[PDB]
Amino acid sequence: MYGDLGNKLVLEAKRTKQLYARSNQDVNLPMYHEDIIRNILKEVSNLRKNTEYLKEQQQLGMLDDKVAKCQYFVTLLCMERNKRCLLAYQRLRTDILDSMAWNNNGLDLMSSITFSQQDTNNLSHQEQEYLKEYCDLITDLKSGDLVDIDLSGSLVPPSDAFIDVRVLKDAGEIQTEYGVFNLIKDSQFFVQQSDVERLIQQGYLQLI
Amino acid sequence: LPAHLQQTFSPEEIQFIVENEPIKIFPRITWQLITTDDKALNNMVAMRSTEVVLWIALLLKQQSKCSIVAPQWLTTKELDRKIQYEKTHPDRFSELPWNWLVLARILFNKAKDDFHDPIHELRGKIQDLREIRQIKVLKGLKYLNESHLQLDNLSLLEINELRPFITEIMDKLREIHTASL
Amino acid sequence: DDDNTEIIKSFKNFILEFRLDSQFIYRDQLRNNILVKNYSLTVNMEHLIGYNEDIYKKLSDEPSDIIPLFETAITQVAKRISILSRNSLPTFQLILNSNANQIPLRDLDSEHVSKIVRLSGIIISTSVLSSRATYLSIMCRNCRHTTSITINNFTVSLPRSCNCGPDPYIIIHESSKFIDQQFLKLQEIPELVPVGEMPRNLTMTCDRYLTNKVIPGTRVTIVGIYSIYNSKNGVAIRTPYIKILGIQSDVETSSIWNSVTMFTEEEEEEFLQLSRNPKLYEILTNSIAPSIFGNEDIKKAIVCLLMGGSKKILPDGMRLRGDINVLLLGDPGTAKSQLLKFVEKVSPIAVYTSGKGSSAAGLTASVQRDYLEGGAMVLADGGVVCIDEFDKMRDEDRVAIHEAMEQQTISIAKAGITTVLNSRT
Amino acid sequence: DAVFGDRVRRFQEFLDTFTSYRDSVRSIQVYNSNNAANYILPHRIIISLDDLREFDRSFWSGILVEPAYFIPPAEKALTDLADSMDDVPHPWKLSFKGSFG
Amino acid sequence: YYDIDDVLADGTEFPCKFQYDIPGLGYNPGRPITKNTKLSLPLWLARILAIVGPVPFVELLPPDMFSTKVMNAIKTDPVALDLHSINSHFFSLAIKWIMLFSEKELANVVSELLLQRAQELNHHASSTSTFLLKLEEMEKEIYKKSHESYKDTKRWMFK
Amino acid sequence: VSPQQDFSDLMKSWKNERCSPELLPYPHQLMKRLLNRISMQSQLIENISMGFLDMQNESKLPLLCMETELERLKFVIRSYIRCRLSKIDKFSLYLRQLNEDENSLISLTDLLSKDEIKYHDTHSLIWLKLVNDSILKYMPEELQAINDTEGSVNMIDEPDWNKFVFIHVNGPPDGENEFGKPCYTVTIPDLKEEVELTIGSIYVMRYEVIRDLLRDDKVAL
């Protein structure tokens with residue numbers, strides 16, 4: 001009853017892992033809960049308020065009682081508990097997030113972060129600032145190599161090395177890089193793994 | 001963020017690895033290329049065997065410009081001595097190329113017409129040697145203790161399939177026991 | 001019996017060498033079945049007839065003399081797979097389901113007897129399990145001959161030879177291996193071909209791993225052999241039954257488990273997406289009666305009913321309950337009697353009984369003798385019950401109701417059972 | 001059937017080490033003689049399955065897997081121990097508590 | 001720690017009675033809590049209250065889950081035992097309580113149970129039925145990981 | 001110094017990386033000569049591909065070969081570093097505590113890449129900045145610092161040296177560490193008596209007992 005709201009919150013955190021697990025991974029997190037954590041923050045503010053109040057009270061009334069210690073001990077733990085929840089949730093949220101910023105940006109010619117992440121505005125803007133700052137953070141890693149990467153893609157090794165892509169209602173032709181593949185619905189291109197990696201992440205290509 | 005798997009290798013990645021092993025070939029051809037890691041070759045002579053890396057043999061086999069040799073250990077008459085030697089030492093896993101599963105998948109997709117008596121035989125043999133060996137692993141897996149195991153000679157694929165399991169419940173098992181002293 | 005060796009060699013060669021490109025479907029069907037401890041195999045006849053036409057030529061000829069040589073043939077294979085040496089391993093049941101040509105129930109008349117027959121009908125009721133035997137030891141009353149009889153199937157009398165006689169053989173039940181049996185009884189589907197006559201029902205014996213595979217009332221398509229048993233009731237007049245190997249239910253029809261206390265994942269997702277609607281209440285109140293117009297208070301009341309309520313177990317033993325009650329009473333055209341049909345559909349577990357109950361089932365909890373026979377208040381415990389003609393219900397059970405609805409528990413003192421159960425309805 | 005003898009000599013040992021049951025048998029033998037001195041108890045000794053695993057797992061798995069070959073030699077052993085009790089002036093019954101299941 | 005299983009593991013209630021009186025009850029109008037009151041506490045706070053004192057603040061009364069009846073019943077048939085019903089956390093939990101109370105005896109017990117489940121879980125690692133329903137949450141997670149390695153290695157096996 | 005060897009060491013590093021529970025030293029001496037080498041051949045192949053069109057009013061094979069090869073090796077390192085950056089994402093705190101302490105070896109220019117160090121500090125920064133305007137406002141006074149309380153704990157974890165890793169024992173025999181009967185190495189676990197180790201057989205154990213064997217590359221993972 002004391003710290004249990006955090007147990008319920010992480011209990012809810014669990015279900016997003018369930019949605020990232022088997023899964024199938026489309027992202028589409030329901031929302032970030034600002035309300036329930038606001039409840040948590042009001043509860044914890046309550047706590048630390050009574051804490052500094054009693055911290056004033058030992059200075060006068062309690063007179064360093066053996067019992068007093070407990071309040072600064074036990075209730076202190078509760079603060080930690082909320083923290084233990086609040087970060088555990090939060091890191092989970094960053095884990096479901098940064099990976100998404102990994103596997104697709106997105107990809108050639110990124111060329112900008114847009115239309116991605118169906119959560120969009122529904123997810124908190126505090127995370128989105130972190131996010132845009134994070135893909136800005138990875139643009140520098142993109143700019144060191146020079147390898148080249150091409151890192152966001154090709155988690156799965158090339159074979160061999162030409163494939164066949166069957167158009168999937170995409171228009172097209174938007175293939176400007178390397179060559180004008182001239183995208184055309186109902187058209188399969190006997191194209192090398194090279195531009196396939198880049199174009200398959202967008203949603204144009206279908207069968208590898 | 002590798003996502004999957006991530007701690008264990010991917011089934012594909014172990015083929016990605018094994019294709020780095022060289023094996024002999026029979027080139028139809030008679031630039032340069034230095035490439036990087038190959039070291040080979042002076043222009044390959046037709047009707048002459050030579051040693052090259054796998055992924056290139058496979059590559060040149062799709063174009064049917066080269067005929068891969070069968071490994072001396074891949075034969076049914078050869079496999080017979082191996083299952084014979086395996087039934088009779090229920091404890092040890094015998095002697096394995098260590099890639100044999102994955103070469104058994106790969107060389108059968110394309111090269112199949114090159115083998116002498118490939119049909120309905122060897123696949124029957126290795127699907128078997130990949131049976132009694134697997135159950136022998138599950139019955140050798142009861143003896144689990146921390147920290148030791150002899151997995152002796154065991155395929156890379158066989159390692160990779162059961163890895164999360166063993167190296168997870170070893171991490172629940174050894175975790176109480178280290179910590180209870 | 002070198003011929004049985006010749007047949008079984010062909011069955012082994014059918015299991016070990018079969019290739020669908022390139023996995024061996026059967027051989028792995030086997031392993032993946034012994035590990036979960038299923039001890040069964042399902043052959044797909046099309047693959048069978050593809051492999052050899054011959055063995056299917058004999059298997060559609062005299063099935064009941066062959067199929068057990070196929071069982072022993074496959075269990076002799078699981079010996080070389082599931083274990084290795086140099087126990088105990090029951091001889092697996094095979095379940096073969098295949099397309100062929102559907103033979104309707106009415107059209108079964110002799111002539112195909114002992115020839116595999118695929119067909120389709122709605123199961124009426126499932127008979128209570130009983131064991132047949134598989135391997136049983138037997139000792140003599142006099143010379144004490146110890147005989148281990150392997151009974152197969154494919155009724156079978158015991159051997160009289162080691163005065164002695166006439167049949168001095170006792171069944172040792174301390175060592176005897178037993179299997180199970182079911183007895184489905186199936187009424188052919190109402191669409192075809194009833195005409196003007198009541199549809200016939202052929203009695204079927206499921207066994208081993210097909211047993212309890214099917215909830216009574218679900219449409220199915222049985223395969224099995226067709227055969228006849230005696231059962232004195234002349235002359236001679238032997239009566240028809242269908243042995244089943246093996247059963248396959250229709251894809252949809254309560255295949256189970258449609259009632260899982262957890263559901264899936266994406267469902268929590270979309271639910272928790274529905275909890276975020278401001279008009280959630282309002283949109284729900286629009287779901288219930290697409291057809292029924294007006295009556296908004298009733299319309300909302302149903303909603304608040306289905307969702308249950310506060311339930312307290314607080315000490316002492318007295319427990320308050322949920323959820324409430326609703327009266328639709330009024331002159332016809334109220335659609336209430338239809339509305340109930342709707343609630344009955346929506347509610348997770350619900351029983352519509354207007355009576356006086358109906359028809360032969362007592363209004364809810366009911367005492368029937370061989371015990372609780374299970375009824376509305378019972379069969380529909382932990383959920384919604386729909387009643388009509390509430391004022392037209394009998395007295396003796398009216399008492400029962402009145403006492404039930406408040407404390408959720410009904411006490412039955414009838415005859416040799418004094419039970420005090422629980423209706424959470 | 002020396003093995004049925006084995007079952008009896010095996011179940012013997014289980015009793016009196018540990019002796020936690022024997023006191024109850026003694027109690028049964030005494031109470032009825034107290035009724036003999038007066039001026040009803042069924043004769044059976046409840047065996048907790050709890051204790052059986054500590055001594056032998058081999059004999060524990062047997063009572064569950066094949067009770068026909070095991071319960072009666074254990075029983076004949078219980079009578080045999082009830083007769084070595086005190087003194088003169090019946091098959092009994094096992095019970096099996098458990099530790100289910 | 002950050003993983004959800006641990007922070008959820010700390011959420012579980014234990015029957016721990018107070019060694020001392022503590023006015024300023026945070027649970028209601030006591031105001032103090034009388035000595036030797038039995039109050040259920042989650043593990044997170046109760047964990048360091050048994051250490052800090054040289055007499056600790058709480059007795060640590062053994063949880064109903066660890067009742068010697070249970071630790072006995074798990075020595076019969078673990079494979080058919082239902083863990084998911086009792087807590088459901090066991091290994092995530094029990095691992096803490098074995099260190100907290102420093103009990104050796106049951107290590108050898110649970111170290112056995114977890115082999116016996118796993119010699120069963122390599123059996124459902126091959127491609128459920130009812131059984132998957134009775135695993136402990138964390139153990140269940142390992143089942144996902146294994147089943148996925150196998151499934152993926154089979155899907156790689158052919159085309 | 002040979003290309004093939006740098007590659008074998010690249011693969012070796014890649015496997016040892018995805019196996020082990022924790023981070024490994026950043027091997028710049030090699031990885032940089034490969035990051036120069038690929039910049040060379042990627043320019044070279046585009047040059048020969050462009051010069052090829054001049055003889056055109058033949059055989060695309062060594063070009064296709066070459067290019068496929070380059071796709072393979074440009075995959076390898078990209079897996080590598082895409083993995084290490086993840087372990088940095090998990091160990092950021094631990095590494096921080098490892099940096100503030102003197103002993104023994106901190107990040108420097110070695111333990112992490114000159115590229116990786118940026119990723120580390122920036123990620124760390126923007127992470128702290130995220131949690132700062134999110135849940136610490138509203139800031140507990142004791143919890144101001146991200147570090148051990150202790151308990152529980154936090155992180156600290158996870159330099160976990162006891163985790164199990166499949167290991168395959170390989171290395172040149174002198175006939176150093178071979179005590180018989182078959183061969184090297186010791187072993188000497190702290191909790192248990194030596195097995196000890198046989199070279200033709202893979203033996204799974206803790207990462208800590210073998211870390212020195214790992215350093216020497218006397219056992220592959």
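Method of structure determination, per the deposited record: cryo-EM was used for this entry, reaching 4.7 Å resolution.

**A word on the overall build of chain E**
The number of helices and strands found in chain E is six helices and two strands. Secondary structure elements of chain E, listed N to C terminal, follow the sequence α-β-β-α-α-α-α-α. In terms of overall size, chain E is more extended than a compact globule, its C-alpha atoms giving a radius of gyration of 20 Å where 159 residues would be expected to give roughly 15 Å. Projected onto its principal axes, the C-alpha coordinates of chain E cover approximately 70 × 35 × 25 Å.

**Regarding the packing of aromatic side chains**
Counted by the stated rule, this structure contains 30 aromatic pairs over all chains. Relative to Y26 of chain C, the ring of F18 of chain C has its centre 5.2 Å away and its plane inclined at 25°; by these criteria the two rings are stacked. For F18 of chain C, a relative accessible area of 8% puts it in the buried group. Ring geometry for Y1 of chain E against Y2 of chain E: centres 5.9 Å apart, planes inclined by 35°, an arrangement best described as tilted. Among the residues examined, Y1 of chain E registers a relative accessible area of 22% and is labelled partly exposed.

**Overview of the interface of chain F and chain B**
How big an interface is tends to be reported as the loss of accessible area on association of its parts. Taken together, the contacts link 39 residues of chain F with 45 residues of chain B. Taking both partners together, chain F and chain B bury about 4,100 Å²; carbon and sulfur atoms supply 66% of that area. Of all residues in chain F, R18, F164 and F166 of chain F give up the largest surface area on contact with chain B, accounting jointly for 19% of the area buried on that side. Here chain F and chain B share two salt bridges between them. Linking chain F with chain B are 10 residue pairs in polar contact. Secondary structure elements with two or more residues in the side of chain F that touches chain B: α1 (3-19), α2 (28-51) and α3 (61-100) of chain F.

**Concerning the nonpolar core**
Within the largest apolar cluster, 170 residues are counted, with the highest numbers of intra-cluster contacts made by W102 of chain A, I166 of chain B, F91 of chain E together with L10 and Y119 of chain F. Among the elements that line this core, the one with the most residues is helix α3 (residues 68-103) of chain A, at 12 residues. Among the nonpolar cores identified, the runner-up in size contains 34 residues, and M45, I55, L89 and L245 of chain C belong to it.

**What to know about the sheet that holds strand β11 (residues 239-243) of chain C**
Strands sit in the order β10-β11-β8-β7-β3-β9-β12 (chain C) across an open sheet of seven strands; the sheet is mixed. Each having just a single partner strand, β10 (226-229) and β12 (248-249) of chain C make up the two edges of the open sheet.

**Digging into the arrangement of the chains**
Here the protein chains form 11 pairs of chains in contact, of which the pair with the most contacts is chains B and F. In this assembly chain C lies apart from chain F, the nearest approach of their C-alpha atoms being 22 Å. There is a clear gap between chain D and chain F: no contact, and 28 Å between their nearest C-alpha atoms.

**Concerning the side chain of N122 of chain E**
Relative to the assigned elements, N122 of chain E resides in the loop between α5 (105-121) and α6 (137-157). Within the structure, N122 of chain E has its side chain in polar contact with the side chain of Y150 of chain E (distance 2.9 Å). With residues up to four places along the chain from it excluded, the contact list for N122 of chain E reads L138, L141 and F165 of chain B together with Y150 of chain E.

**A few points about empty space enclosed by the protein**
The computed volume of the largest cavity comes to approximately 150 Å³. Lining of the largest cavity is provided by 15 residues; of these, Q134, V137, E161 and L162 of chain B together with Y150 of chain E occupy positions nearest its centre. Looking at the lining of the largest cavity, the elements that each hand over two or more residues are α5 (122-140) and α6 (156-179) of chain B together with α2 (25-35) of chain C. The dominant element in the lining of the largest cavity, judged by the number of residues it contributes, is α5 of chain B, at six residues.

**Side note on the side chain of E13 of chain B**
Residue placement: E13 of chain B occurs in helix α1 (residues 11-18). If we skip the residues at most four places from it in the chain, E13 of chain B touches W14 and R18 of chain F.

**Notes on a negative patch on the surface**
Residues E129, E133, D136 and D140 of chain A make up a contiguous surface patch of negative charge. For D136 of chain A, the position within the fold is in helix α4 (residues 125-144).

**Describing the state of the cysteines**
Residue and element names in this part refer to chain C. In total, this model carries one disulfide over all chains according to the counting rule given. A disulfide bridge connects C143 with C162, and the sulfur atoms are separated by 2.0 Å. Taking relative accessible area as the criterion, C162 reaches 51% and is therefore assigned exposed.

**Comments concerning α2 of chain C**
Residues separated by three or four positions in an α-helix point in the same direction, a consequence of the helix having 3.6 residues per turn. A large share of α2 of chain C lies buried, amounting to nine of its 11 residues. Looking at α2 of chain C, one finds that the buried residues are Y26, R27, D28, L30, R31, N32, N33, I34 and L35 of chain C. Buried residues belonging to α2 of chain C abut α5 of chain B together with α1 (2-16), β1 (40-41), α3 (45-51) and α5 (63-81) of chain C. Two residues or fewer past α2 of chain C, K37 of chain C is found with a positive phi of approximately 65°.

**Some details on a nonpolar patch on the surface**
Together, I215, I256, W257, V260, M262, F263, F271, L272 and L274 of chain C together with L133 of chain E line one region of the surface with nonpolar side chains, adding up to about 990 Å² of accessible area. When you line up the elements, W257 of chain C lands in the loop between β12 and α6 (266-274).

**Overview of the packing of α2 of chain C against α5 of chain C**
All names here are of chain C. Remark: α2 packs on α5, axes separated minimally by 11 Å, with the N-to-C direction vectors making an angle of 70°. Relative to α5, α2 is oriented roughly perpendicular. For the pair α2 and α5, the sense of crossing is right-handed. Facing α2, whose interface residues are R27, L30 and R31, α5 presents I74, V77, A78 and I81. By residue class, the composition of the contact of α2 with α5 is five nonpolar, no polar and two charged.

**Observations regarding the pairing of strand β7 (residues 184-188) of chain C**
Residue and element names in this part refer to chain C. Here β7 shows one buried face, formed by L184, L186 and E188, and one open face, formed by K185 and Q187. Where strand β3 (residues 119-126) meets β7, five bridges bridge the pair, whose relative direction is antiparallel. Its bridge partner lying in β7, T126 is registered against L184. Both β7 and strand β8 (residues 201-205) contribute to a ladder of four bridges, which runs antiparallel. Bridging across to β8, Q187 finds its partner in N201.

**Remarks on the sheet that holds strand β2 (residues 50-53) of chain B**
Residue and element names in this part refer to chain B. If you walk across this open sheet you meet the three strands as β2-β1-β3, and the pairing is antiparallel. Every other strand in the sheet has two partners, leaving β2 and β3 (66-68) as the edge strands with one partner each. Neighbouring strand axes in the sheet, compared pairwise and without regard to direction, differ in orientation by 50° on average. Here four bridges tie strand β1 (residues 22-27) to β2, and the two strands are oriented antiparallel to one another.

**Side note on the environment of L122 of chain B**
All names here are of chain B. Note on placement: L122 falls in helix α5. C-alpha separation for the pair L122 and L74, spaced 48 residues apart in sequence, amounts to 8.0 Å. Discounting residues that sit within four places of it in the chain, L122 has contacts with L74, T75, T76, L79, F108 and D117.

**Description of the packing of helix α4 (residues 100-109) of chain B against α5 of chain B**
All names here are of chain B. Orientation of α4 relative to α5, taken along the N-to-C sense of each, is 155°, at an axis distance of 11 Å. Classed by the angle they form, the pair α4 and α5 counts as roughly antiparallel. Crossing handedness for the pair α4 and α5: left-handed. Contacts between α4 and α5 involve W100, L101, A104 and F108 from the former and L122, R123, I126, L129, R130 and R133 from the latter. Classifying every residue of the contact of α4 with α5 gives seven nonpolar, no polar and three charged.

**Examining the pattern of salt bridges**
Residues and elements named next belong to chain F. Applying the stated criterion to the full structure yields 40 salt bridges over all chains. The salt bridge involving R37 is made with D6; its shortest N-O contact spans 3.4 Å. Here the residue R37 occupies a position in helix α2, and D6 occupies one in helix α1, the gap between them amounting to 31 residues. Residue classification places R37 among the partly exposed residues on the basis of a relative accessible area of 22%. Note on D6: relative accessible area 5%, which makes it buried. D115 is paired through a salt bridge with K118; the nearest N and O atoms lie 3.3 Å apart.

So, how was this worked out
Along each chain, numbering proceeds from 1 in written sequence order. Entry numbering may differ, and residues lacking coordinates are not shown. Note on labels: chains are lettered from A, ligands numbered from 1, in written order. These chains belong to a larger assembly; the numbers reported describe only the chains shown. With hydrogens and water stripped out, all remaining heavy atoms of the structure feed into the side-chain values. Residues with missing side-chain atoms are left out of burial classes, side-chain pairs and their counts. A run of H or I in DSSP becomes a helix once it reaches four residues, and a run of E becomes a strand once it reaches two; helices and strands are each numbered from the N terminus. Values of the radius of gyration come from C-alpha atoms, whereas the globule rule sets the reference at 2.2 Å times the count of residues to the power 0.38. Each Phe, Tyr or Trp ring, with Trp reduced to its six-membered ring, pairs with another whose centre is within 6.5 Å; inter-plane angles below 30 degrees give stacked pairs, above 60 give edge-to-face pairs, and intermediate values give tilted ones. Accessible area is worked out with a 1.4 Å probe on protein chains only. A residue is then buried under 20% of its type maximum, exposed over 50%, and partly exposed in between. Contacts are assigned to residue pairs that have any heavy atoms within 4.5 Å of one another. Take the accessible area each of two parts loses on contact, using a 1.4 Å probe, and add the two losses: that sum is the buried area. Whenever a carboxyl oxygen of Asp or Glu lies within 4 Å of a side-chain nitrogen of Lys or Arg, that contact is scored as a salt bridge. The term polar contact refers here to a pair of N or O atoms within 3.5 Å; inside protein, the definition further demands a hydrogen-donor-capable atom paired with an acceptor-capable atom, and it admits residues adjacent in sequence only when both atoms are side-chain atoms. Nine residue types can take part in a nonpolar core, namely buried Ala, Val, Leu, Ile, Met, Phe, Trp, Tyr and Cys, and a core is a set of them joined through side-chain atoms within 4.5 Å. One bridge is not enough; two strands pair if DSSP finds at least two bridges between them. Grid points spaced at 1 Å and placed over the protein atoms alone form the basis of the search, with a cavity being a set where a 1.4 Å probe fits but cannot get out and a pocket an open set showing protein on both sides within 12 Å along at least five of seven lines. Lining residues have an atom within 4 Å of a point. Grid points are joined across faces, edges and corners, and a volume is the space filled by probe spheres set on the points. For patch building, the residue pool is restricted to those with more than 30% relative accessible area and no salt bridge; the joining distance is 9 Å between like charges and 5 Å between nonpolar side chains (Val, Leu, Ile, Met, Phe, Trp, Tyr). A 1.4 Å probe and the Shrake-Rupley method give the accessible areas. Residues count as covered only by the protein chains that appear here. The sign given to each residue is positive for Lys and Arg and negative for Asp and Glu; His and the chain ends receive no count. To locate a charge, take atom NZ for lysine, CZ for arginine, CG for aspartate or CD for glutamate. In plain terms, two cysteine sulfur atoms within 2.5 Å form what is called a disulfide here. Geometry is summarised by axes, namely lines fitted to C-alpha atoms with helices restricted to the contacting stretch, and by angles between N-to-C directions that run from 0 to 180 degrees. Roughly parallel means an angle under 35 degrees; roughly antiparallel means over 145; roughly perpendicular covers 65 to 115; every other angle is labelled oblique. In a left-handed crossing the near helix is turned counterclockwise from the far helix by less than a right angle, and in a right-handed crossing that turn is clockwise. For this classification, the nonpolar set comprises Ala, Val, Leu, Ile, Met, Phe, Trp, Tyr, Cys and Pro, the charged set comprises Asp, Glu, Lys and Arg, and every other residue, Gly included, is treated as polar.

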